[PDB]
file target_16.txt (compact mmCIF, C-alpha atoms)
# COMPACT_ATOMS: atom_id res chain seq x y z
CA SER A 5 -200.24 60.21 22.77
CA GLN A 6 -203.56 60.58 24.72
CA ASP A 7 -201.64 61.01 28.05
CA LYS A 8 -199.57 64.04 26.66
CA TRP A 9 -202.90 65.47 25.31
CA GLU A 10 -204.53 65.06 28.79
CA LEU A 11 -201.64 67.00 30.45
CA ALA A 12 -201.77 69.81 27.85
CA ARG A 13 -205.59 69.97 28.43
CA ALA A 14 -205.21 70.24 32.29
CA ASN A 15 -202.47 72.89 31.76
CA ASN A 16 -204.58 74.96 29.30
CA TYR A 17 -207.70 74.65 31.55
CA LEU A 18 -205.65 76.00 34.51
CA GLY A 19 -204.15 78.83 32.41
CA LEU A 20 -207.47 80.19 30.99
CA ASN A 21 -209.17 79.86 34.42
CA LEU A 22 -206.22 81.84 35.99
CA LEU A 23 -206.68 84.51 33.32
CA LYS A 24 -210.41 84.89 34.31
CA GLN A 25 -209.49 85.03 38.06
CA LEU A 26 -206.45 87.42 38.03
CA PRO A 27 -207.00 91.07 39.13
CA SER A 28 -206.64 93.52 36.20
CA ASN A 29 -207.41 97.00 34.89
CA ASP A 30 -207.30 98.82 31.51
CA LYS A 31 -203.81 100.34 32.33
CA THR A 32 -201.80 97.17 33.20
CA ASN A 33 -200.79 94.06 31.21
CA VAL A 34 -201.36 90.50 32.54
CA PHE A 35 -198.59 87.96 31.81
CA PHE A 36 -197.94 84.54 33.38
CA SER A 37 -196.81 81.04 32.48
CA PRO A 38 -199.57 78.39 32.90
CA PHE A 39 -196.71 75.84 32.56
CA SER A 40 -194.99 77.40 35.68
CA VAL A 41 -198.32 77.31 37.64
CA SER A 42 -198.88 73.69 36.47
CA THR A 43 -195.35 72.96 37.81
CA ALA A 44 -196.25 74.53 41.21
CA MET A 45 -199.45 72.34 41.26
CA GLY A 46 -197.32 69.29 40.14
CA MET A 47 -194.91 69.93 43.06
CA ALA A 48 -197.92 69.98 45.50
CA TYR A 49 -199.46 66.88 43.78
CA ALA A 50 -196.17 64.90 44.17
CA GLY A 51 -196.35 65.41 47.99
CA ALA A 52 -200.14 65.59 48.70
CA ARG A 53 -202.18 62.80 50.39
CA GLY A 54 -205.84 62.35 51.50
CA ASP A 55 -208.33 65.22 50.90
CA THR A 56 -205.47 67.62 49.89
CA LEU A 57 -204.54 65.31 46.97
CA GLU A 58 -208.23 64.60 46.06
CA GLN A 59 -208.98 68.36 45.78
CA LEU A 60 -205.95 68.84 43.48
CA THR A 61 -206.95 65.94 41.12
CA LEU A 62 -210.77 66.53 41.18
CA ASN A 63 -210.03 70.14 40.13
CA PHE A 64 -208.96 68.59 36.78
CA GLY A 65 -211.86 66.05 36.75
CA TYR A 66 -209.90 62.99 38.12
CA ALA A 67 -210.38 60.96 41.29
CA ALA A 68 -206.83 60.25 42.65
CA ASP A 69 -207.47 56.50 41.81
CA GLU A 70 -208.05 57.43 38.06
CA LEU A 71 -204.34 58.61 37.98
CA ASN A 72 -200.96 56.80 38.08
CA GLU A 73 -198.63 59.23 40.04
CA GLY A 74 -195.70 57.56 38.22
CA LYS A 75 -197.24 58.32 34.77
CA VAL A 76 -198.11 61.95 35.73
CA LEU A 77 -194.48 62.59 36.97
CA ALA A 78 -193.21 60.89 33.73
CA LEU A 79 -195.32 63.32 31.57
CA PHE A 80 -193.79 66.29 33.47
CA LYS A 81 -190.33 64.60 33.08
CA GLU A 82 -190.94 64.38 29.24
CA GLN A 83 -192.08 68.09 29.15
CA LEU A 84 -188.95 69.14 31.12
CA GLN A 85 -186.54 67.29 28.73
CA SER A 86 -188.26 68.90 25.66
CA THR A 87 -187.68 72.44 27.20
CA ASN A 88 -184.01 71.63 28.22
CA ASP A 89 -183.43 70.34 24.61
CA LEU A 90 -184.69 73.63 22.95
CA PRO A 91 -182.08 75.13 20.55
CA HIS A 92 -179.87 78.19 21.46
CA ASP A 93 -182.36 80.50 19.59
CA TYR A 94 -184.72 80.06 22.62
CA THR A 95 -183.61 81.87 25.85
CA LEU A 96 -185.79 80.03 28.41
CA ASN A 97 -184.58 80.28 32.03
CA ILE A 98 -186.90 78.39 34.47
CA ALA A 99 -186.47 78.64 38.24
CA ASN A 100 -188.68 76.33 40.37
CA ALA A 101 -188.31 75.71 44.13
CA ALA A 102 -190.05 74.74 47.37
CA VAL A 103 -188.59 76.68 50.36
CA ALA A 104 -189.50 75.14 53.75
CA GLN A 105 -188.96 76.25 57.39
CA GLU A 106 -185.94 74.12 58.58
CA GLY A 107 -186.40 71.02 60.80
CA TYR A 108 -189.75 69.62 59.36
CA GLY A 109 -188.18 66.73 57.39
CA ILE A 110 -187.46 66.08 53.66
CA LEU A 111 -188.09 62.68 51.94
CA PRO A 112 -185.48 61.87 49.23
CA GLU A 113 -188.33 60.34 47.04
CA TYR A 114 -189.84 63.91 47.00
CA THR A 115 -186.53 65.82 46.27
CA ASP A 116 -185.73 63.21 43.53
CA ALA A 117 -189.23 63.77 41.98
CA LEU A 118 -188.69 67.61 42.22
CA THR A 119 -185.35 67.31 40.32
CA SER A 120 -186.35 64.78 37.59
CA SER A 121 -190.02 65.84 36.93
CA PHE A 122 -189.93 69.66 37.61
CA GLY A 123 -186.25 70.85 37.56
CA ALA A 124 -187.15 72.11 41.05
CA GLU A 125 -184.93 72.57 44.13
CA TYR A 126 -185.95 72.04 47.78
CA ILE A 127 -184.42 74.78 49.99
CA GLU A 128 -184.53 75.01 53.82
CA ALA A 129 -184.60 78.46 55.51
CA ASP A 130 -185.35 79.90 59.02
CA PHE A 131 -188.22 82.41 58.49
CA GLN A 132 -188.63 82.74 62.31
CA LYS A 133 -185.06 83.71 63.39
CA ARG A 134 -183.25 84.44 60.06
CA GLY A 135 -185.92 86.00 57.77
CA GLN A 136 -183.35 88.46 56.38
CA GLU A 137 -180.92 85.57 55.48
CA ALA A 138 -183.79 83.45 53.94
CA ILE A 139 -184.55 86.18 51.34
CA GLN A 140 -180.75 86.65 50.61
CA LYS A 141 -180.55 82.81 49.92
CA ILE A 142 -183.78 82.91 47.75
CA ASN A 143 -182.71 86.06 45.82
CA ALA A 144 -179.26 84.48 45.17
CA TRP A 145 -180.86 81.18 43.99
CA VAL A 146 -183.33 82.88 41.55
CA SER A 147 -180.57 85.23 40.22
CA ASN A 148 -178.33 82.14 39.54
CA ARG A 149 -181.14 80.03 37.90
CA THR A 150 -182.46 82.97 35.72
CA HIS A 151 -178.87 84.07 34.70
CA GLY A 152 -179.56 87.42 36.44
CA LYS A 153 -182.83 88.17 34.53
CA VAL A 154 -184.68 87.90 37.91
CA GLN A 155 -182.62 89.36 40.86
CA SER A 156 -185.32 89.12 43.59
CA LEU A 157 -188.69 87.57 44.51
CA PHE A 158 -188.82 89.14 48.06
CA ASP A 159 -188.23 92.79 49.18
CA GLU A 160 -189.06 92.20 52.94
CA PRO A 161 -188.80 88.93 54.95
CA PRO A 162 -192.04 86.85 54.80
CA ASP A 163 -194.18 86.24 57.94
CA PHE A 164 -192.76 84.66 61.18
CA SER A 165 -195.28 81.77 60.68
CA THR A 166 -194.18 80.97 57.03
CA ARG A 167 -194.02 77.16 56.68
CA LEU A 168 -193.57 76.39 52.92
CA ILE A 169 -193.57 78.65 49.80
CA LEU A 170 -193.58 77.62 46.11
CA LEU A 171 -191.44 79.87 43.84
CA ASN A 172 -191.65 79.77 40.02
CA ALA A 173 -189.70 82.37 38.00
CA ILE A 174 -189.37 82.23 34.18
CA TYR A 175 -187.69 84.35 31.49
CA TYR A 176 -188.40 83.89 27.76
CA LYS A 177 -187.01 85.53 24.60
CA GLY A 178 -187.46 83.55 21.33
CA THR A 179 -186.23 84.06 17.76
CA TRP A 180 -189.08 84.28 15.17
CA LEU A 181 -189.03 81.86 12.21
CA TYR A 182 -189.76 85.02 10.12
CA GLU A 183 -187.82 88.18 11.08
CA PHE A 184 -189.75 91.44 11.16
CA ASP A 185 -187.82 94.14 9.20
CA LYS A 186 -186.17 96.47 11.82
CA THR A 187 -186.33 99.30 9.16
CA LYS A 188 -190.21 99.13 9.05
CA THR A 189 -190.54 99.61 12.91
CA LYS A 190 -192.16 103.03 13.69
CA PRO A 191 -194.46 104.56 16.32
CA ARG A 192 -198.11 103.72 15.31
CA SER A 193 -201.56 104.08 16.94
CA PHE A 194 -202.61 101.68 19.76
CA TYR A 195 -205.88 102.10 21.72
CA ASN A 196 -204.83 101.73 25.42
CA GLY A 197 -207.79 100.11 27.20
CA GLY A 198 -209.59 100.12 23.79
CA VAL A 199 -210.28 103.89 24.34
CA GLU A 200 -207.09 106.05 24.55
CA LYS A 201 -205.06 106.58 21.33
CA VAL A 202 -201.23 106.61 21.89
CA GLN A 203 -198.24 106.12 19.51
CA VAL A 204 -196.15 102.93 20.29
CA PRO A 205 -193.26 101.01 18.63
CA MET A 206 -195.08 98.83 16.03
CA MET A 207 -193.33 96.06 13.98
CA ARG A 208 -194.51 95.29 10.36
CA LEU A 209 -194.51 91.89 8.59
CA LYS A 210 -195.75 90.73 5.10
CA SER A 211 -195.75 86.89 5.05
CA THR A 212 -197.67 83.62 4.71
CA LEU A 213 -199.17 82.97 8.20
CA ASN A 214 -201.73 80.53 9.63
CA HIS A 215 -204.89 82.64 10.29
CA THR A 216 -208.65 82.25 10.84
CA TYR A 217 -211.54 84.58 11.75
CA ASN A 218 -213.49 82.76 14.51
CA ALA A 219 -217.18 83.75 14.98
CA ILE A 220 -217.58 82.27 18.52
CA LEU A 221 -214.50 84.30 19.82
CA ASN A 222 -215.36 87.12 17.31
CA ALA A 223 -211.58 87.49 16.68
CA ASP A 224 -208.69 87.05 14.24
CA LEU A 225 -206.19 84.41 15.35
CA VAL A 226 -202.65 84.60 13.83
CA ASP A 227 -199.86 82.04 14.44
CA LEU A 228 -196.27 83.41 14.46
CA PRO A 229 -193.90 80.42 14.69
CA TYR A 230 -190.54 80.64 16.55
CA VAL A 231 -187.46 78.85 14.98
CA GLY A 232 -187.98 75.06 14.50
CA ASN A 233 -191.78 75.74 14.80
CA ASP A 234 -191.23 74.24 18.39
CA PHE A 235 -193.23 77.15 19.96
CA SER A 236 -195.59 79.60 18.23
CA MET A 237 -197.21 82.80 19.47
CA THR A 238 -200.98 82.86 18.74
CA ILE A 239 -202.41 86.42 18.65
CA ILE A 240 -206.16 86.61 19.41
CA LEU A 241 -207.39 90.06 18.38
CA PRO A 242 -211.07 90.85 19.12
CA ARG A 243 -212.85 92.54 16.15
CA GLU A 244 -214.37 95.15 18.61
CA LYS A 245 -211.83 97.78 19.97
CA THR A 246 -213.35 97.08 23.51
CA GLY A 247 -213.88 93.34 22.78
CA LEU A 248 -211.18 91.91 25.16
CA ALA A 249 -213.51 91.33 28.21
CA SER A 250 -216.06 89.59 25.91
CA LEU A 251 -213.24 87.49 24.34
CA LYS A 252 -212.00 86.46 27.85
CA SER A 253 -215.57 85.34 28.80
CA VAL A 254 -215.88 82.88 25.79
CA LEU A 255 -212.19 81.76 25.55
CA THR A 256 -211.96 78.13 26.89
CA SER A 257 -209.82 75.05 26.07
CA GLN A 258 -212.78 73.92 23.77
CA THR A 259 -213.37 77.24 21.86
CA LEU A 260 -209.57 77.90 21.52
CA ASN A 261 -208.95 74.38 20.04
CA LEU A 262 -211.91 74.77 17.57
CA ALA A 263 -210.43 78.12 16.36
CA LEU A 264 -206.87 76.65 16.13
CA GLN A 265 -208.13 73.71 13.99
CA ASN A 266 -209.56 76.15 11.32
CA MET A 267 -206.29 78.11 10.75
CA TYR A 268 -204.73 77.85 7.25
CA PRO A 269 -201.83 79.68 5.61
CA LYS A 270 -202.48 82.90 3.64
CA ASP A 271 -200.49 85.99 2.58
CA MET A 272 -201.24 88.87 5.01
CA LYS A 273 -199.98 92.19 6.44
CA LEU A 274 -199.36 92.02 10.24
CA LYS A 275 -198.72 95.04 12.55
CA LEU A 276 -197.57 93.85 16.06
CA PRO A 277 -196.22 95.99 18.97
CA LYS A 278 -192.60 95.57 20.23
CA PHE A 279 -192.88 95.10 24.08
CA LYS A 280 -191.29 93.67 27.27
CA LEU A 281 -193.39 92.21 30.13
CA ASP A 282 -192.22 91.76 33.76
CA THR A 283 -194.97 90.60 36.16
CA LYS A 284 -195.14 89.13 39.63
CA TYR A 285 -198.13 87.48 41.38
CA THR A 286 -198.90 86.14 44.84
CA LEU A 287 -201.13 83.32 43.57
CA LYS A 288 -202.67 81.93 46.79
CA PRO A 289 -205.93 84.03 46.58
CA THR A 290 -206.39 83.28 42.80
CA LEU A 291 -205.80 79.52 43.35
CA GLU A 292 -208.32 79.57 46.30
CA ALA A 293 -210.82 81.39 43.97
CA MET A 294 -210.40 78.31 41.63
CA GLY A 295 -211.09 75.79 44.50
CA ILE A 296 -207.43 74.91 45.51
CA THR A 297 -207.82 75.48 49.29
CA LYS A 298 -206.51 72.46 51.27
CA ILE A 299 -202.76 72.87 50.36
CA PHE A 300 -203.04 76.39 52.01
CA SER A 301 -205.00 75.38 55.14
CA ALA A 302 -203.99 74.23 58.64
CA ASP A 303 -205.40 70.73 57.68
CA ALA A 304 -203.11 70.39 54.60
CA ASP A 305 -201.79 66.84 54.11
CA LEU A 306 -198.36 67.11 52.40
CA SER A 307 -196.96 64.02 54.22
CA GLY A 308 -195.33 63.03 50.83
CA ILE A 309 -192.87 65.98 51.37
CA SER A 310 -191.73 65.53 55.01
CA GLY A 311 -193.03 62.05 56.00
CA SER A 312 -195.65 63.64 58.28
CA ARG A 313 -198.55 66.15 58.14
CA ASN A 314 -196.45 69.13 59.38
CA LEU A 315 -196.33 71.39 56.21
CA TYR A 316 -198.82 73.70 54.46
CA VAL A 317 -198.25 76.24 51.63
CA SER A 318 -198.05 79.83 52.95
CA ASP A 319 -197.95 81.18 49.37
CA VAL A 320 -197.16 80.64 45.69
CA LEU A 321 -194.98 83.37 44.08
CA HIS A 322 -194.77 83.60 40.29
CA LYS A 323 -192.57 85.98 38.28
CA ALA A 324 -192.61 85.91 34.45
CA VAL A 325 -190.50 87.99 32.02
CA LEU A 326 -190.95 88.20 28.21
CA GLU A 327 -189.17 90.24 25.49
CA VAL A 328 -190.86 90.53 22.03
CA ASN A 329 -188.84 92.22 19.20
CA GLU A 330 -187.98 91.89 15.44
CA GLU A 331 -185.23 89.15 15.50
CA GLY A 332 -185.95 86.04 13.29
CA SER A 333 -184.12 83.21 11.44
CA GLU A 334 -185.40 83.73 7.81
CA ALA A 335 -186.70 86.67 5.72
CA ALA A 336 -190.50 87.19 5.30
CA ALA A 337 -191.89 85.38 2.18
CA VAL A 338 -195.38 85.65 0.56
CA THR A 339 -196.37 82.85 -1.97
CA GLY A 340 -198.11 85.51 -4.15
CA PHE A 341 -201.53 85.17 -5.89
CA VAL A 342 -201.45 81.84 -7.95
CA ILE A 343 -203.08 82.15 -11.44
CA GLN A 344 -203.13 79.68 -14.40
CA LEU A 345 -202.78 82.16 -17.33
CA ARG A 346 -204.12 81.22 -20.84
CA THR A 347 -204.24 84.61 -22.74
CA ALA A 348 -201.56 87.36 -22.16
CA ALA A 349 -203.18 90.24 -20.11
CA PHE A 350 -202.73 92.84 -17.29
CA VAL A 351 -203.39 90.88 -14.00
CA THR A 352 -204.16 92.76 -10.68
CA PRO A 353 -203.72 90.49 -7.58
CA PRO A 354 -206.31 91.07 -4.79
CA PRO A 355 -205.33 93.34 -1.82
CA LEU A 356 -203.52 91.35 0.95
CA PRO A 357 -205.69 90.93 4.08
CA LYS A 358 -204.60 92.89 7.24
CA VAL A 359 -204.29 92.04 10.98
CA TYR A 360 -203.34 95.37 12.64
CA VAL A 361 -202.79 94.63 16.40
CA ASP A 362 -203.77 98.18 17.53
CA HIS A 363 -206.09 97.52 20.54
CA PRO A 364 -206.15 95.13 23.53
CA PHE A 365 -205.51 91.48 22.67
CA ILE A 366 -204.56 88.10 24.17
CA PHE A 367 -201.48 86.14 23.08
CA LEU A 368 -200.60 82.50 23.86
CA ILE A 369 -197.09 81.06 23.37
CA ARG A 370 -197.71 77.33 22.95
CA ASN A 371 -195.76 74.11 22.22
CA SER A 372 -196.79 73.42 18.57
CA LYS A 373 -196.34 69.62 19.12
CA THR A 374 -198.53 69.22 22.30
CA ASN A 375 -200.63 72.49 22.31
CA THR A 376 -199.36 73.17 25.87
CA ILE A 377 -199.78 76.93 26.59
CA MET A 378 -196.40 77.99 27.98
CA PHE A 379 -197.20 81.76 28.26
CA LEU A 380 -200.44 83.78 28.33
CA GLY A 381 -200.73 87.59 28.06
CA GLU A 382 -203.48 90.24 27.93
CA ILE A 383 -202.07 93.51 26.58
CA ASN A 384 -204.36 96.41 27.60
CA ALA A 385 -201.68 99.13 27.58
CA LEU A 386 -198.48 99.99 25.68
call {"tool": "encode", "arguments": {"input": "target_16.txt", "output": "structure tokens"}}
result
Amino acid sequence: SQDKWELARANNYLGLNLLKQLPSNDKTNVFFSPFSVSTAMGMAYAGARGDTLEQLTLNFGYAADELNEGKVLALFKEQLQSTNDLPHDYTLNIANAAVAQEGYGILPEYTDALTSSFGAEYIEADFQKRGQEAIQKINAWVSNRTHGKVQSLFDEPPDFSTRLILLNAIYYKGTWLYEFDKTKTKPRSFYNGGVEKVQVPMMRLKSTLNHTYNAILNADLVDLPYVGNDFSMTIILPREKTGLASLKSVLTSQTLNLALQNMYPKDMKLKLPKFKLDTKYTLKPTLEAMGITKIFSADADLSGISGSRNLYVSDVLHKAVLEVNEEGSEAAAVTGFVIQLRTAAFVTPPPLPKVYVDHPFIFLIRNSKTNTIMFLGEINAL
């Protein structure tokens, strides 16, 4: 459907723009869920009016009158049901909420939209008088919704003047279609920051994988499907050891899709690090860098939340957790070299091609059906 495609495109545009705007250095890994950020923007969209709404939509190239709010919420609703219907092999715990200063008003149309479209809760708290209790209620909510994988979003009470905060926490561990062999996992060389050689737990696979070399990105792309090929992890490995910054500067929704369309199966050797990521961002400054300003300003119009223009977003908090290890459903298979033999002979198959993920790279976990990027990582450092 062209509508599902348009939502995946907005989502992927937001994700790759976030990646170019997030603070980073050669010693720390970036990891976030564009899907979670899209959900925080969806929650604002469902309640925004006037110039606040027009800035949100025009950011994605739409006048508010080129959109049906109903059809946008229905596309989010469809996305939510597809994630709730994932098999047991996927551990995906999503926690979405708006937390408002008490006594501003809540429209049931808005809380109904939060539940059905976003799996989101609306929570009232007193940041002025009961800041300490507000963070105990939030920490308990996120702990409950993430099955204890995220215990806290706040260490200290937020500011006296806090009006509304958007919270999006997500945990993911998937099962590979093709298991890596636990016995082949060893410390192997990785270039931290593209420069500093260290030994790190490296998994080893020999299998038929979708792959392409893409000249515009100057990178190998490898697809590793999860079970039911519902999600796949795309590795984008720059050919230059220090190529990551260059890769980031040319990676767009357009250039990614062109590379993905050229992938075809082949037998290959893959070396991929075993790693866990746990990241937390205060997204207001990054979203403002991208041109989302009015939701955060004193002139915000979120009258679709409360029934009046009395709310603005104090901040957007995002926490994302990923585990990557060997576990898969089926053993690794290679097709082998196919030859039509006429005359009996000694036949030497050509050497298998190699993608050794041994320097900084990007990965995307995406919905194979819709090409929605669920997760995006830059690994600089293991």
call {"tool": "axis_aligned_box", "arguments": {"input": "target_16.txt", "around": "region 165-169 of chain A", "padding_each_side": "4 Å", "output": "JSON"}}
result
{"center_x": -194.4, "center_y": 79.1, "center_z": 55.2, "size_x": 9.7, "size_y": 13.4, "size_z": 18.9}
call {"tool": "closest_residue", "arguments": {"input": "target_16.txt", "among": "A:41, A:34, A:221, A:326", "to": "residue 19 (chain A)", "atoms": "all atoms listed in the file"}}
result
A:41
call {"tool": "closest_residue", "arguments": {"input": "target_16.txt", "among": "A:127, A:338, A:386, A:304", "to": "residue 57 (chain A)", "atoms": "all atoms listed in the file"}}
result
A:304
call {"tool": "closest_residue", "arguments": {"input": "target_16.txt", "among": "A:277, A:73, A:147, A:340", "to": "residue 203 (chain A)", "atoms": "all atoms listed in the file"}}
result
A:277
call {"tool": "atom_distance", "arguments": {"input": "target_16.txt", "atom1": "CA of residue 13 (chain A)", "atom2": "CA of residue 256 (chain A)"}}
result
10.5 Å
call {"tool": "residues_around", "arguments": {"input": "target_16.txt", "residues": "region 307-309 of chain A", "least_positions_apart": "4", "cutoff": "6 Å", "atoms": "only C-alpha atoms", "output": "ChimeraX atom specification"}}
result
/A:51-52,110-111,114,313
call {"tool": "atom_distance", "arguments": {"input": "target_16.txt", "atom1": "CA of residue 334 (chain A)", "atom2": "CA of residue 85 (chain A)"}}
result
26.6 Å
call {"tool": "atom_distance", "arguments": {"input": "target_16.txt", "atom1": "CA of residue 357 (chain A)", "atom2": "CA of residue 342 (chain A)"}}
result
15.7 Å
call {"tool": "residues_around", "arguments": {"input": "target_16.txt", "residues": "residue 16 (chain A)", "least_positions_apart": "5", "cutoff": "7 Å", "atoms": "all atoms listed in the file", "output": "PDB file with C-alpha atoms, keeping the file's coordinate frame"}}
result
ATOM      1  CA  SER A 257    -209.820  75.050  26.070  1.00  0.00           C
ATOM      2  CA  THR A 376    -199.360  73.170  25.870  1.00  0.00           C
ATOM      3  CA  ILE A 377    -199.780  76.930  26.590  1.00  0.00           C
TER       4      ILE A 377
END
call {"tool": "residues_around", "arguments": {"input": "target_16.txt", "residues": "residue 46 (chain A)", "least_positions_apart": "3", "cutoff": "8 Å", "atoms": "all atoms listed in the file", "output": "list in words"}}
result
residues 42, 43, 49, 50, 77 and 122 of chain A
call {"tool": "write_last_selection", "arguments": {"input": "target_16.txt", "atoms": "C-alpha atoms", "output": "short mmCIF file (atom, residue, chain, number, x, y, z; two decimals), in the coordinates of the input"}}
result
data_model
loop_
_atom_site.label_atom_id
_atom_site.label_comp_id
_atom_site.auth_asym_id
_atom_site.auth_seq_id
_atom_site.Cartn_x
_atom_site.Cartn_y
_atom_site.Cartn_z
CA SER A 42 -198.88 73.69 36.47
CA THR A 43 -195.35 72.96 37.81
CA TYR A 49 -199.46 66.88 43.78
CA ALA A 50 -196.17 64.90 44.17
CA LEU A 77 -194.48 62.59 36.97
CA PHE A 122 -189.93 69.66 37.61
#
call {"tool": "residues_around", "arguments": {"input": "target_16.txt", "residues": "residue 29 (chain A)", "least_positions_apart": "5", "cutoff": "12 Å", "atoms": "all atoms listed in the file", "output": "PyMOL selection string"}}
result
chain A and resi 34+196-198+248-249+364+382-385
call {"tool": "closest_residue", "arguments": {"input": "target_16.txt", "among": "A:333, A:33, A:86, A:15", "to": "residue 279 (chain A)", "atoms": "only C-alpha atoms"}}
result
A:33
call {"tool": "residues_around", "arguments": {"input": "target_16.txt", "residues": "residue 175 (chain A)", "least_positions_apart": "4", "cutoff": "7 Å", "atoms": "only C-alpha atoms", "output": "list in words"}}
result
residues 96, 97, 98, 150, 153, 324, 325 and 326 of chain A
call {"tool": "write_last_selection", "arguments": {"input": "target_16.txt", "atoms": "C-alpha atoms", "output": "PDB file, in the frame of the given file"}}
result
ATOM      1  CA  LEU A  96    -185.790  80.030  28.410  1.00  0.00           C
ATOM      2  CA  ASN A  97    -184.580  80.280  32.030  1.00  0.00           C
ATOM      3  CA  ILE A  98    -186.900  78.390  34.470  1.00  0.00           C
ATOM      4  CA  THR A 150    -182.460  82.970  35.720  1.00  0.00           C
ATOM      5  CA  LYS A 153    -182.830  88.170  34.530  1.00  0.00           C
ATOM      6  CA  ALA A 324    -192.610  85.910  34.450  1.00  0.00           C
ATOM      7  CA  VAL A 325    -190.500  87.990  32.020  1.00  0.00           C
ATOM      8  CA  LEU A 326    -190.950  88.200  28.210  1.00  0.00           C
TER       9      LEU A 326
END
call {"tool": "closest_residue", "arguments": {"input": "target_16.txt", "among": "A:356, A:323, A:329, A:83", "to": "residue 156 (chain A)", "atoms": "only C-alpha atoms"}}
result
A:323
call {"tool": "residues_near_point", "arguments": {"input": "target_16.txt", "point": "(-191.8, 91.9, 12.4)", "cutoff": "7 Å", "atoms": "all atoms listed in the file", "output": "PDB file with C-alpha atoms, in the frame of the given file"}}
result
ATOM      1  CA  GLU A 183    -187.820  88.180  11.080  1.00  0.00           C
ATOM      2  CA  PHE A 184    -189.750  91.440  11.160  1.00  0.00           C
ATOM      3  CA  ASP A 185    -187.820  94.140   9.200  1.00  0.00           C
ATOM      4  CA  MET A 207    -193.330  96.060  13.980  1.00  0.00           C
ATOM      5  CA  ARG A 208    -194.510  95.290  10.360  1.00  0.00           C
ATOM      6  CA  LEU A 209    -194.510  91.890   8.590  1.00  0.00           C
ATOM      7  CA  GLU A 330    -187.980  91.890  15.440  1.00  0.00           C
TER       8      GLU A 330
END
call {"tool": "closest_residue", "arguments": {"input": "target_16.txt", "among": "A:381, A:229, A:354, A:109", "to": "residue 211 (chain A)", "atoms": "only C-alpha atoms"}}
result
A:229
call {"tool": "residues_near_point", "arguments": {"input": "target_16.txt", "point": "(-200.1, 78.1, 11.4)", "cutoff": "12 Å", "atoms": "only C-alpha atoms", "output": "MDAnalysis selection string"}}
result
chainID A and resid 181 211:216 225:230 233:239 263:271 370 372
call {"tool": "decode", "arguments": {"input": "target_16.txt", "residues": "region 247-260 of chain A", "atoms": "N, CA and C atoms", "output": "CSV table (one decimal), in the first residue's frame"}}
result
chain,number,residue,atom,x,y,z
A,247,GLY,N,35.8,5.3,7.4
A,247,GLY,CA,34.8,5.7,6.4
A,247,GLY,C,33.4,6.1,7.0
A,248,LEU,N,33.2,5.8,8.3
A,248,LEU,CA,31.9,6.0,8.9
A,248,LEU,C,31.3,7.4,8.7
A,249,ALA,N,32.1,8.5,9.0
A,249,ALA,CA,31.6,9.9,8.9
A,249,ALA,C,31.2,10.1,7.5
A,250,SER,N,32.0,9.7,6.5
A,250,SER,CA,31.6,9.8,5.1
A,250,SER,C,30.3,9.1,4.8
A,251,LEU,N,30.2,7.8,5.2
A,251,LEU,CA,29.0,7.0,5.0
A,251,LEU,C,27.8,7.8,5.6
A,252,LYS,N,27.9,8.3,6.8
A,252,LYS,CA,26.8,9.0,7.4
A,252,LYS,C,26.3,10.2,6.5
A,253,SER,N,27.3,10.9,5.9
A,253,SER,CA,27.0,12.1,5.1
A,253,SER,C,26.3,11.8,3.8
A,254,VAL,N,26.3,10.6,3.3
A,254,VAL,CA,25.7,10.2,2.0
A,254,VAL,C,24.5,9.3,2.2
A,255,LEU,N,24.3,8.7,3.5
A,255,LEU,CA,23.2,7.8,3.8
A,255,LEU,C,21.9,8.6,3.9
A,256,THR,N,21.0,8.4,3.0
A,256,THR,CA,19.6,9.0,3.0
A,256,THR,C,18.6,7.9,2.7
A,257,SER,N,17.3,8.2,2.8
A,257,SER,CA,16.2,7.3,2.5
A,257,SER,C,16.4,6.8,1.1
A,258,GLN,N,16.7,7.7,0.1
A,258,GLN,CA,17.0,7.5,-1.3
A,258,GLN,C,18.2,6.5,-1.5
A,259,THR,N,19.4,6.9,-1.1
A,259,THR,CA,20.6,6.1,-1.3
A,259,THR,C,20.5,4.7,-0.6
A,260,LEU,N,19.9,4.7,0.6
A,260,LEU,CA,19.7,3.4,1.3
A,260,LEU,C,18.8,2.5,0.4
